[PDB]
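Remarks on the structure that follows.
Numbers and lists here come from the model and the stated rules, or from a named source; none is laboratory data. FYI the Cβ positions are ideal-geometry reconstructions off the backbone, even for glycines, and counts take in every protein chain you see.
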Ligand SMILES: CC(=O)N[C@@H]1[C@@H](O)[C@H](O[C@@H]2O[C@H](CO)[C@H](O)[C@H](O[C@]3(C(=O)O)C[C@H](O)[C@@H](NC(C)=O)[C@H]([C@H](O)[C@H](O)CO)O3)[C@H]2O)[C@@H](CO)O[C@H]1O
Ligand SMILES: CC(=O)N[C@@H]1[C@@H](O)[C@H](O[C@@H]2O[C@H](CO)[C@H](O)[C@H](O[C@]3(C(=O)O)C[C@H](O)[C@@H](NC(C)=O)[C@H]([C@H](O)[C@H](O)CO)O3)[C@H]2O)[C@@H](CO)O[C@H]1O
Ligand SMILES: CC(=O)N[C@H]1[C@H]([C@H](O)[C@H](O)CO)O[C@@](O[C@@H]2[C@@H](O)[C@H](O)O[C@H](CO)[C@@H]2O)(C(=O)O)C[C@@H]1O
Ligand SMILES: *[C@@H]1O[C@H](CO)[C@@H](O[C@@H]2O[C@H](CO)[C@@H](O)[C@H](O)[C@H]2NC(C)=O)[C@H](O)[C@H]1NC(C)=O
Ligand SMILES: *[C@@H]1O[C@H](CO)[C@@H](O[C@@H]2O[C@H](CO)[C@@H](O)[C@H](O)[C@H]2NC(C)=O)[C@H](O)[C@H]1NC(C)=O
Ligand SMILES: *[C@@H]1O[C@H](CO)[C@@H](O)[C@H](O)[C@H]1NC(C)=O
Ligand SMILES: *[C@@H]1O[C@H](CO)[C@@H](O)[C@H](O)[C@H]1NC(C)=O
Ligand SMILES: *[C@@H]1O[C@H](CO)[C@@H](O)[C@H](O)[C@H]1NC(C)=O
Ligand SMILES: *[C@@H]1O[C@H](CO)[C@@H](O)[C@H](O)[C@H]1NC(C)=O
Ligand SMILES: [Ca+2]
Ligand SMILES: [Ca+2]
C-alpha cells in the first residue's frame, strides 16, 4: 500500500519579499501600507467648530467674519485656505506662535476689560474695510482711541486690566501706523506720540511709524497687533497719548483640542482620528504613503508604494 | 518486556507569561523585565564635584544676586538648579534668557574678571535698591554698578567704558538697561537729555533706549532692569557709549570646561552613584528601557510607552 | 568491512569573527564590512555643474564685494563654500544671516536685475570706500550705492524711491544701513538732525534706526554697515523712505550646498559630501561624521560591523 | 527551505485540496482517496492570526502640527523640521521593510515546519510497518483498509497489530 | 514548536528535574533513575547569557536638557521638541516590543532545537539496537543495566557489542 | 546550531573542499573520491546574495545641511539639533547592530539547514541498504563502485537493485 503527506497550493499565487528572496510566490498575502486616501473630514463623536473663512487670530480680535466664533467650547478647530481675520491691513507680531496656541486649545471664553474713558475721548471709532450690518464698523473686542475735537492733541491716559481669575488670560491690543501727516495730526496730535504698555511679566515701548507704502483696501495706512499673557491675580497697565487701540474684552483659552488645516468638506456620518490637507485616514493598517504632514493618531509615513505581508506558505504549483 | 530510555525537558508549576511574534500569552520557564518603573527619589552624586545652587538661579551667578553670593565663582562637573530659584531681586528680565541658562548649565565652572571701569565725579556709581537687601541695608547686584547722576536732575555726563579680553579663552560680559516708571523718575536720575546706550565689539553691536511707562510694582518697584549679554573673543575689546540708563558691569564671567545640568526637586545623596537623572531624581537601572519620564539627562535608558516587556530566559513551560 | 559515503561542508584556515544574537566571537568562513571608515580627501564633481566660491562668501555674491566679482551671477546644480570666506568688505553682518545663506545654498542659481534708479546733485550715491580694493584704485559694492551729503555737515535730503517687480516669480532685494563710529562721523555723512529709515510692501514693513557709538576697528574701519533683506512678490511696489541697491537678485530653482575644505576632482561622481570630502561607499552605514549633505549612509557610533556571508567555520 | 518539507522532498502541493493546508492521499485495494488534517492546518493559521493581531495596529500617541499648511514659517526651523521629518521617515521606512521581510521569512518556514512535524508524527506511529518513499510518501508492507488508513490520520493506529506481518513483507 | 520536540512529541516537562533543563529517565531490571545532560543544558543557558549580555545595556550617548522644568519654553520650538520626542519614543516603544517579541520566539525555538538535537544524538548512538516510542523514548531490545544506561548518557555506548543480541529480539 | 548538522553531529568542515560549500567523501573497495553538491551550494549562496542585495544600499533622500560648519548658530536651537541628531544616531546605531546580529544568526542556521536537508535527501535514497554512522556518514552494506556512488550524488540510486544483497549483509 502507500500513504502520502502533502499541502494545499493555488493558481494565482501572490508575490512577497523575504530576507533572502525579492520575488517569493506564496498562497495568500495582505497589504501593510495604506495608499488610498479620503478627501472628507470625519467628525462623528466630536464637538468640532468649523471656522470656514474665519482665521484663528480674528476670534480674539472679533472681526466681522468671526461674529459666531467669539465664544464657545470644542475638541477640534478647522482652518481654510485664504481665511481672512484682518479688515485694516498689516500683520501681527509673533503671528504663528499665537495662531497655533489658539488651534491647540478647546474653546475661547471672554472676560470684560471694564475700560471707561473721559468725556473728551470717543471709543466708537470705525473704518471702511471692517463692515457689520451692511455699513462701516470696527473689531468687536477692541475700541479705536481718538479725541472728539479734530486738531486738539489727544491726552496722556492710563488704563489697567486686572486678572481676577485663577487661570491666565490673553490680552491683545494694536497700534495704528498712518502713511500721511494730514489726518494723523487732527485725529491724534501734531506732536510725536508715545504708547508704553506695562505688566509684571511683560513691558514694551511702541512708536507709530509713518512711511510711503502702496494702499491696501483703499487704505495707505496700516495697523499691527501685539499680545501677552497676563497672570492670575496680576494687572497690566497701558500708558498712551493716542495710537493705542485697547481691548473691550480679553480671551481665555480652555482645555485641549486638535488643530486641522484643510480645504476638504465635512461629513458627520464618519469617525476618524488621523487628518491632513487632503482629508481623513480611516484604516487599521500600520503604515501610509499619503502625506508626512498629518495630525492625531496616524499610521507612520513610509516611502513605499506597497508592502505585502504573507498570510500563507510557499505556493508550489505544477 | 524491553529496557526503555526516555528524554525530557524540565518544567515548573508557577510559570511566567511572555509575548512572542505569534502568541500574546505564551507560558515559559523564567523571564526578566526590560522596562524600569522604579526611580530613587534622590540625586545620586558620588564621584562628582557637584554644586547645588539652592534658590540661586544660574543667571544670578553672573549678575550677582544676593542669593548667589556663595555661587559667584567655583568649579564643578554637575550643576543642580531648583524650582522658583532667584536671578532678579530688582524686577527685570534677560533677552536670550533660556539660551544663557542652558549655556551656564553646560559649564564646569565660572571665573570672574575685573573690568576696572572708572566714572566721572558727577556720576554716582554706588546706586542701590531695597529689592536687593544684603547685610541688613539696601544693596545691588555684586557684578554690576547702577550709574545715576549725583546731582538729582543734572543730565548724565557722556562716558565711554571699554573692556579688553587679555585672556586666551572667551569671556561672557553682560550689562543692564534701566527702564524707569515715569518721566519724573527718568529726569531725577539721568536728566532730560535723550538717552542712548551704544555697545560695540568686533563681533557684537547694538543700541538700547530706556523705556519710561507706568506698570505694576514687583518686589515693590515699578522700574525695571532688563539684562543683555554677549561673548568677547580673546584679544578683542567691547566698548560702552552711554549717557545714563546703563547698569555697567564691575566684573565679566569666563565659563570653564563642561558639566551635566540637572533641574530637580529631589535632594542630594553623596553615597549613591548614577549617570541618568530627571525632575523626579536618579535612574540607576542596568535595563535598556524606562517609563518614568521622557525628559532625562546624561547616559539614560530609552523612554518607552510600556508598563512591562518580559524577556523569556528559558524554554516553553509544559507542566505536569 | 562495509563501504562509506560521508556528507560534509567546506572550511577555511582564516575565518572572520562576526556577532550573532547569542555569540560575540562567532567565527564564519567569510564576512563583509557594512560601515565605511575610509573617506577620500576630494570633492566628486562629475555630471554635477559645480561652482566653487573660494574666497567668496555666498552673501557677498548678492551684495557685490570684489572677491565675489566672478561669482556675481550663474546657474548650477551644486554650490561649494569655504573657510574664512569674505562676505562683507566693510564690516557688518546680516539679519537672519544663516536663514538667508541657507536659501542661497538651497537655490541652484542667481540672476541679477537692474532696479533703474536716478538721483539729484544734492546726494552723492556713488560713495567709494578704500576698504574694498578694485583694480589698484578705490571702489564700492557692485550692486549698491552709498547715502551721503555732497558737502559734509549739510542736512541730508529726504529722497524716497520705489522699485516695481515685473517678473513671474519672487525677487530678493538687499539694502545697506550704516552705523557711524561717533557723532563727528555722523554729522558729516547724514547731518546732525536725527533721522529714521523705513520700508513698505503688501506683506513687509519695518523701521530701522542707525546705532551711533565708538567700537573697535575692523578691517581698518571702526564704523559698521549692516545689510537688511526682504522678498518682493510679483506685481508689488517696494517703497523705503530714509533720511541703495541699483540691482536686485533672483534665486534659480534648487541645488545641493556643500561646505567643505577639500579640493575638487575632474572625473569623480558621488552624492554624499561632508567637511572632509566625499563618501562614495556602496555600504549602508558610515562613522566618518554625522554632519553630511545629499543621499548618504546613516551615521553609526561603531568603528566596524561585520556581516557574515558564509557558514560557521570549524577546522579539524 | 529551512525544514525541507515544502519546495522540499515534497515535489509540489495539491491545487485540488481545499478546507485544509496539510493532509493525506492514500492508495490501497479500495482505491485512491484524499483527506485533510485539523491539528496541523489550525496550528499554522493560529500562528499567522497571532502575527496579523500584532502588525495590523497603530500608536495611540496624539501628534499636533509643527508646520503651517497655509503659511511659510521661519526658513531655518522649517529646515530643522524638514531634516527630522525626512530622517524619521527613513527610519519608519527601514523598519517597515525589515519587519515584513523577516516575518514573511518566518511565516514561510513555520509552515514548512508544521508539514515536517506531521510527516514525523505519522513516521514514528507506523514504526517498523512502513518505509519512506522520499517524495513525502510511506509505502506500507501490510494490507491497509480505509479503517486502517483513518487510524493513521486520527493518530490512533497501533503498530504491533500488523508488525509480525509487515516485517516479513519487508524482509521478503 | 518549530522543532516539534517541546510541547510536541515530548508531551510534557518534568517538574522533578532540578539539576538541568534536559535529561534522561530510564526503566530496567535494577529499577528507575533520572539524570540531566550538562552539555545540552549549557548549550541553551549560554545562548540566553548571550541574548542578555547584548539586550541588557543602554547607549553611552550623553544627553543634555532641551526642555526647561521650571520656566516657560518658546511656544514654536517647544511644539517642535514635543513632536520630535513623541516621534522618537514611538520608534523606541515599537523597537522594544519587536525586539523582545522576536527574541522570545527565538529563545523558545532555540530551546526546542536543543531537545531535538539530544534526541537525534542518542537515536544515532543506539542505531539498530532500539526503536522510537513516538513519545520521545527508545525501547532497547537488549538487557541494558545501570552501567549500560550510564554509557548512553556519557556517549560511550558501543552499539556493535549488543547488536546480535538486539536484532534477534527485533525480528523473531 | 538550530539544525544540529554543522558544529553538530558533523565534527568539522573540509579545507579540502574548494569546488563547493557542501559535498560527499566516499570510500569503497576501488579507493576513495570527493565531489561537491551543486544544488545545495547554489541554494545557500543564492540566499546570502538576496541578503547583500537588501542590506548593501542607502535611502535616496536628499539631506541639506541644517548646521553651518564655518559659523556659529543660536545656542538653544544648536542644542535642539545636537539632541535630535544624537537620538537619530542612537536609533541607527542600534537598528544596525540588531539587523547584522539577526542576519548573522539566520545565515549560520540557514547554512546548518541546507547541510541537514542534503543529509536527509541521502538517508531516504539509500533507504534500508545503509545505516547512519553518527558523524554524518552512511555505512552502505553492499559493494559500491564509483558509478553507484555517482548515482547517490546525482539522485539516480534505486535501492531495490541492491536491497536483497544489503538486508542479507545487515542481518548477518
Ligand atoms: C506711596 C508713596 O508715596 N511712596 C513713596 C515712595 O515711593 C518713596 O520711596 C521711593 O519711591 C520711589 C518711586 O516710587 C522708588 O520706589 C524708591 O525705591 C528705590 C528702590 O529701592 O528701588 C530707592 C532707591 O534708593 C533708588 N535708587 C537709585 C539708585 O535711584 C531706586 C530707583 O531710583 C528706582 O527704583 C528706579 O525705578 O528706587 C523708593 O525709595 C518715599 C520717599 O519719597 O516716599 C513714599 O511715600
Ligand atoms: C590718521 C588719520 O586720521 N589720517 C587721515 C585720515 O583720517 C583721512 O582719511 C579718512 O579717515 C577716516 C577716519 O576713520 C576714514 O577712515 C575715511 O575712510 C573712508 C573709507 O572707509 O573708505 C574714506 C571714504 O572717502 C569715505 N567715504 C566716502 C564716500 O568718501 C568713508 C566713509 O564715509 C566712512 O569711513 C564710513 O565709516 O571713509 C578716510 O577717508 C585723510 C583725509 O584726507 O587724511 C589722513 O591723513
Ligand atoms: C476713526 C476714524 O477716523 N477712521 C477713519 C480712518 C482713519 O482715520 C484713517 O484710516 C487713519 O489713517 O480712515 C478711513 O478712510 C480714510 C479716507 O477718508 C481718506 O480720504 O483716505 C484715507 C486713506 O488714503 C483713509 O482710508 C478708513 O480707512 O476707514 C475712514 C475712517 O472713518
Ligand atoms: C520643506 O519641504 C517641503 C517639501 O519638500 C518644501 O515645500 C516645497 O518647496 C518647493 C521649493 O521651494 C516649492 O516650490 C513646493 O511648492 C513645495 N512643495 C510641497 C509639496 O510643499 C519646503 O519648501 C521645505 N521648506 C524649507 C524651509 O526648506
Ligand atoms: C553641538 O555639538 C558640537 C559637537 O558635539 C559642539 O561643538 C564643540 O564645541 C567646542 C568649543 O565650543 C569645540 O572645541 C569642539 O571641537 C566642538 N566640536 C565640534 C565637532 O565642532 C557644540 O558646542 C554643540 N552646541 C551646543 C549649543 O552645545
Ligand atoms: C486569504 O485570501 C482570501 C480571498 O482570496 C481572503 O478572503 C482572506 O482574507 C485572506 N486571508 C488573510 C488576509 O488573512
Ligand atoms: C530565573 O529565576 C530566578 C528566580 O526567580 C533567578 O534567580 C534567575 O536569575 C532568573 N533568570 C534570569 C533573571 O535570567
Ligand atoms: C568572500 O571571500 C572572498 C575571498 O576571501 C572575497 O573576495 C569576497 O569579497 C568575500 N565576501 C563576499 C561577500 O564576496
Ligand atoms: C508639550 O507637552 C507637554 C505634556 O505632554 C505639555 O505640558 C506642554 O503643553 C507641551 N508644550 C507646548 C509648548 O505645547
Ligand atoms: Ca529645504
Ligand atoms: Ca550642548
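Being more than 16 Å from ligand 7 (Cβ to nearest atom) and either part of a loop (DSSP other than H, G, I, E, B) or in contact with a strand residue (DSSP E or B) (Cβ under 6 Å, 6 or more places away or on another chain) (or both) is the requirement here; does residue E:58 meet it?
yes
Of all the residues that make up the stretch B:32-47, how many are in contact with a strand residue (DSSP E or B) (Cβ under 9 Å, 6 or more places away or on another chain) and closer than 19 Å to residue E:93 by Cα?
Going through the stretch B:32-47 one residue at a time, the tally reaches 6.
(1) in contact with a helix residue (DSSP H, G or I) (Cβ under 6 Å, 6 or more places away or on another chain); (2) under 21 Å from residue A:62 (Cα atoms); (3) within 14 Å of another protein chain (Cβ to nearest Cβ): which one isn't true of residue A:172, the others all being true?
The single condition residue A:172 does not satisfy is (3).
When the stretch B:155-185 is examined, which residues are found to be surrounded by fewer than 19 Cβ atoms within 10 Å (Cβ to Cβ) and closer than 26 Å to residue C:182 by Cα?
Across the stretch B:155-185, the qualifying residues are B:155, B:157, B:158, B:160, B:162, B:164, B:166.
What pairs come up if the first residue lies in the stretch C:299-316 and is assigned to a loop (DSSP other than H, G, I, E, B), the second is within 16 Å of ligand 7 (Cβ to nearest atom), and their beta carbons are under 8 Å apart, counting only those six or more places apart or on different chains?
none
Report yes if residue C:224 is within 16 Å of ligand 2 (Cβ to nearest atom), crowded, with 20+ Cβ neighbours inside 10 Å and under 26 Å from the mean Cα position of the chain (by Cα), otherwise no.
yes
In the stretch C:235-263, which residue that is buried (at least 19 other Cβ atoms within 10 Å of the Cβ) and within 16 Å of ligand 10 (Cβ to nearest atom) is nearest to residue C:83 (Cα to Cα)?
Checked the stretch C:235-263; the qualifying residue nearest to residue C:83 (Cα to Cα) is C:259.
Mind checking which residues of the stretch B:265-285 are closer than 21 Å to residue E:61 by Cα and either in the same structural domain as residue B:55 (by CATH) or not in a loop (DSSP other than H, G, I, E, B) (or both)?
If the condition is that a residue be closer than 21 Å to residue E:61 by Cα and either in the same structural domain as residue B:55 (by CATH) or not in a loop (DSSP other than H, G, I, E, B) (or both), then B:273, B:276, B:277, B:278, B:281, B:282 are the ones that fit.
State yes or no: is residue A:36 over 20 Å from the mean Cα position of the chain (by Cα), surrounded by 15 or more Cβ atoms within 10 Å (Cβ to Cβ) and either away from chain F (no Cβ under 14 Å) or in a loop (DSSP other than H, G, I, E, B) (or both)? Spell out how you get there, then give the answer.
Values: over 20 Å from the mean Cα position of the chain (by Cα): yes; surrounded by 15 or more Cβ atoms within 10 Å (Cβ to Cβ): no; either away from chain F (no Cβ under 14 Å) or in a loop (DSSP other than H, G, I, E, B) (or both): yes.
Answer is no for this residue.
I'm trying to understand the selection: among the residues of the stretch C:280-298, which are more than 10 Å from chain F (Cβ to nearest Cβ) and either crowded, with 19+ Cβ neighbours inside 10 Å or in contact with a helix residue (DSSP H, G or I) (Cβ under 7 Å, 6 or more places away or on another chain) (or both)?
C:288 - this is the single residue of the stretch C:280-298 that is more than 10 Å from chain F (Cβ to nearest Cβ) and either crowded, with 19+ Cβ neighbours inside 10 Å or in contact with a helix residue (DSSP H, G or I) (Cβ under 7 Å, 6 or more places away or on another chain) (or both).
The rows are residues; the columns are (1) within 29 Å of residue A:257 (Cβ to Cβ); (2) more than 16 Å from ligand 10 (Cβ to nearest atom).
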| site | (1), (2) |
| --- | --- |
| D:41 | no, yes |
| D:52 | no, yes |
| D:62 | yes, yes |
| D:85 | yes, no |
| D:97 | no, yes |
| D:109 | no, yes |
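Restricting the search to the stretch E:53-65, which residues are surrounded by 15 or more Cβ atoms within 10 Å (Cβ to Cβ) and under 23 Å from the mean Cα position of the chain (by Cα)?
The answer is E:54, E:55.
Please verify whether the stretch A:195-203 includes one or more residues that are in contact with a helix residue (DSSP H, G or I) (Cβ under 9 Å, 6 or more places away or on another chain) and away from ligand 7 (no atom under 16 Å from the Cβ).
no
Could you list, in sequence order, all residues of the stretch A:211-221 that are surrounded by fewer than 17 Cβ atoms within 10 Å (Cβ to Cβ) and over 26 Å from the mean Cα position of the chain (by Cα)?
A:214, A:215, A:218, A:220
Okay, residues lined up against (1) more than 16 Å from ligand 11 (Cβ to nearest atom); (2) over 28 Å from residue B:166 (Cβ atoms):
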{"position": "B:85", "(1), (2)": "yes, yes"}
{"position": "B:89", "(1), (2)": "yes, yes"}
{"position": "B:93", "(1), (2)": "yes, yes"}
{"position": "B:100", "(1), (2)": "no, no"}
{"position": "B:104", "(1), (2)": "no, no"}
{"position": "B:108", "(1), (2)": "no, no"}
{"position": "B:112", "(1), (2)": "yes, no"}
{"position": "B:117", "(1), (2)": "yes, no"}
{"position": "B:120", "(1), (2)": "yes, no"}
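Looking at (1) buried (at least 21 other Cβ atoms within 10 Å of the Cβ); (2) more than 7 Å from every other protein chain (Cβ to nearest Cβ); (3) in contact with a strand residue (DSSP E or B) (Cβ under 6 Å, 6 or more places away or on another chain), find the lone condition where residue A:66 falls short.
Residue A:66 satisfies all of (1) buried (at least 21 other Cβ atoms within 10 Å of the Cβ); (2) more than 7 Å from every other protein chain (Cβ to nearest Cβ); (3) in contact with a strand residue (DSSP E or B) (Cβ under 6 Å, 6 or more places away or on another chain) except (3).
Kindly provide the set of residues from the stretch C:218-236 that are assigned to a strand (DSSP E or B) and either within 16 Å of ligand 11 (Cβ to nearest atom) or more than 13 Å from chain B (Cβ to nearest Cβ) (or both), ordered by number. Don't jump to the end; show me each part of the working.
At the first step, the residues of the stretch C:218-236 found to be assigned to a strand (DSSP E or B) are C:218, C:221, C:224-232.
Scanning the stretch C:218-236 gives C:227, C:228, C:229, C:230, C:231, C:232.
Residues in the stretch A:76-125 that are assigned to a strand (DSSP E or B) and either over 26 Å from residue E:77 (Cα atoms) or within 16 Å of ligand 6 (Cβ to nearest atom) (or both): how many?
The total comes to 6.
It is to be established whether one or more residues within the stretch F:53-64 are under 19 Å from residue C:97 (Cβ atoms) and at the interface with chain C (Cβ under 9 Å from one of its Cβ atoms).
The initial filter retains those residues of the stretch F:53-64 that are under 19 Å from residue C:97 (Cβ atoms), namely F:64.
With the extra rule that they be at the interface with chain C (Cβ under 9 Å from one of its Cβ atoms), the set shrinks to F:64.
Within the stretch F:53-64 (the criterion being under 19 Å from residue C:97 (Cβ atoms) and at the interface with chain C (Cβ under 9 Å from one of its Cβ atoms)), the answer is yes, since at least one residue qualifies.
Any residue that is within 30 Å of residue F:67 (Cβ to Cβ), in a loop (DSSP other than H, G, I, E, B) and over 16 Å from the mean Cα position of the chain (by Cα) - is there at least one of those in the stretch D:25-38?
No: the stretch D:25-38 contains no residue that is within 30 Å of residue F:67 (Cβ to Cβ), in a loop (DSSP other than H, G, I, E, B) and over 16 Å from the mean Cα position of the chain (by Cα).
Condition check ((1) under 28 Å from the mean Cα position of the chain (by Cα); (2) closer than 30 Å to residue A:94 by Cβ; (3) in the same structural domain as residue C:88 (by CATH)) across all residues:
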residue	(1), (2), (3)
C:141	yes, no, yes
C:155	no, no, yes
C:172	yes, yes, yes
C:196	no, yes, yes
C:230	yes, yes, yes
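List the number of the failed condition for residue E:30; all other conditions in (1) more than 7 Å from every other protein chain (Cβ to nearest Cβ); (2) in contact with a helix residue (DSSP H, G or I) (Cβ under 8 Å, 6 or more places away or on another chain); (3) surrounded by 15 or more Cβ atoms within 10 Å (Cβ to Cβ) hold.
Single failed check for residue E:30: (3).
Could you run through the stretch A:55-75 and say how many residues are part of a loop (DSSP other than H, G, I, E, B) and within 20 Å of residue A:173 (Cα to Cα)?
7
Against the conditions (1) surrounded by fewer than 19 Cβ atoms within 10 Å (Cβ to Cβ); (2) within 16 Å of ligand 10 (Cβ to nearest atom); (3) in a helix (DSSP H, G or I), where does residue D:68 fall short? Just the number, please.
Evaluating residue D:68 over (1) surrounded by fewer than 19 Cβ atoms within 10 Å (Cβ to Cβ); (2) within 16 Å of ligand 10 (Cβ to nearest atom); (3) in a helix (DSSP H, G or I) leaves (3) as the failure.
Taking the stretch F:150-172 only, how many residues are surrounded by 15 or more Cβ atoms within 10 Å (Cβ to Cβ) and either touching a helix residue (DSSP H, G or I) at 6+ places or on another chain (Cβ under 6 Å) or under 23 Å from residue E:124 (Cα atoms) (or both)?
The qualifying residues number 10.
Determine, yes or no, whether residue E:16 is out of contact with any helix residue (DSSP H, G or I) (no Cβ under 9 Å at 6 or more places or on another chain) and more than 7 Å from every other protein chain (Cβ to nearest Cβ). Reasoning before the result, please.
Numbers: out of contact with any helix residue (DSSP H, G or I) (no Cβ under 9 Å at 6 or more places or on another chain): yes; more than 7 Å from every other protein chain (Cβ to nearest Cβ): yes.
Here the answer is yes, as residue E:16 does meet what is asked.
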